[PDB]
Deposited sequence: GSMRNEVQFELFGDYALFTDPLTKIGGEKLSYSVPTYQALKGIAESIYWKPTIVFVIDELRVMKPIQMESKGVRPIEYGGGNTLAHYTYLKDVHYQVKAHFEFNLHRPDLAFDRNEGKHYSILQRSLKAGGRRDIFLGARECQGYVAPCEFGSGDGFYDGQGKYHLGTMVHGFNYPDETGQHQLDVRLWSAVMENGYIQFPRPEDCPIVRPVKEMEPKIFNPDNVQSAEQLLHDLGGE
């Protein structure tokens, strides 16, 4: 036992599509990124002994967007208002599990599935240890225990949706910051994530010429 199945609710979400960061604006991706869901699982319970891997996401409510005037928080700023486009009224089921963090040899004594699983499950029944945010501070939501695939969802039987290229997550320092991308596809509401090591595109974040005609 190293699995965690949970549901995730939010009145709003903002999983920023990085191509849209121009003017002080931001548009949400249509669905959460792998990394965003990994952050949320870590909000439930985390210790550097372990690492979360997200296996699957199920999108339970119709994708819908809403624009809002906002004042971005950042040093030196005073330029707004800006307009951000948020996801509205979201509910997800998430299937994930933990593995031992082999980059921490000094934590080998702590690699105990029964300890981490029981604390993770107890923390989940309580709605987690830290605040749950859906891509931004202004988008607080919550988590609950949930059997993955239980209940009826909006995209049941809606076939394959090609959600396009998406950020999967980042590889942190082995020596440079890398971004991982993949072609996100949802089938009957389910998105199955590749593991970080199996993402088809993975390159150092450090250029304008990709967008040349």
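Missing segments of the deposited chain sequence, listed N- to C-terminal: 1-3, 177-180, 214-215, 223-238 are the stretches of the deposited chain that have no C-alpha coordinates in the structure.
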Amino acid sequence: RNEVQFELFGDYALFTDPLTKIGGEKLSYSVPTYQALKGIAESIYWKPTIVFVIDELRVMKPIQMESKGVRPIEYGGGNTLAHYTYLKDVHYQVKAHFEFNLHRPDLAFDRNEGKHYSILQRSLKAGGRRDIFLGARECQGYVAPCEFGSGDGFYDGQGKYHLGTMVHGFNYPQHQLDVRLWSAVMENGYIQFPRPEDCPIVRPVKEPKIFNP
From here on, numbers count along this sequence of modelled residues.
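Quick check on the record: does 107-115 or 90-98 carry the larger mean Cα temperature factor? Mean CA B-factor is higher for 107-115.
Looking at the entry, does 66-74 or 140-148 show the higher mean C-alpha B-factor? The deposited B-factors put 66-74 ahead on the C-alpha mean.
Check the PDB entry and point out which of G24, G10, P18, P196 has the largest C-alpha temperature factor. It is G24.
Highest recorded Cα temperature factor - choice among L134, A126, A82, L120: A82 has the highest C-alpha B-factor of those listed.
Tell me, lowest, middle or highest third: where does the Cα B factor of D178 rank within its chain? For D178, the deposited C-alpha B-factor lands in the highest third.
For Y161, return the chain-relative third of its C-alpha B-factor as stated in the PDB record: lowest, middle or highest. Answer is middle: the recorded C-alpha B-factor places it there.
Name the third of the chain's ranked CA B-factors that contains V202, choosing lowest, middle or highest. Within its chain, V202 is a highest-third residue by C-alpha B-factor, going by the deposited values.
Taking the C-alpha B-factors as the PDB entry records them, is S28 in the lowest, middle or highest third of its chain? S28: CA B-factor falls in the middle third of its chain.
Comparing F154 with the other modelled residues of its chain, is its CA B-factor in the lowest, middle or highest third? It belongs to the highest third of the chain when residues are ordered by C-alpha B-factor.
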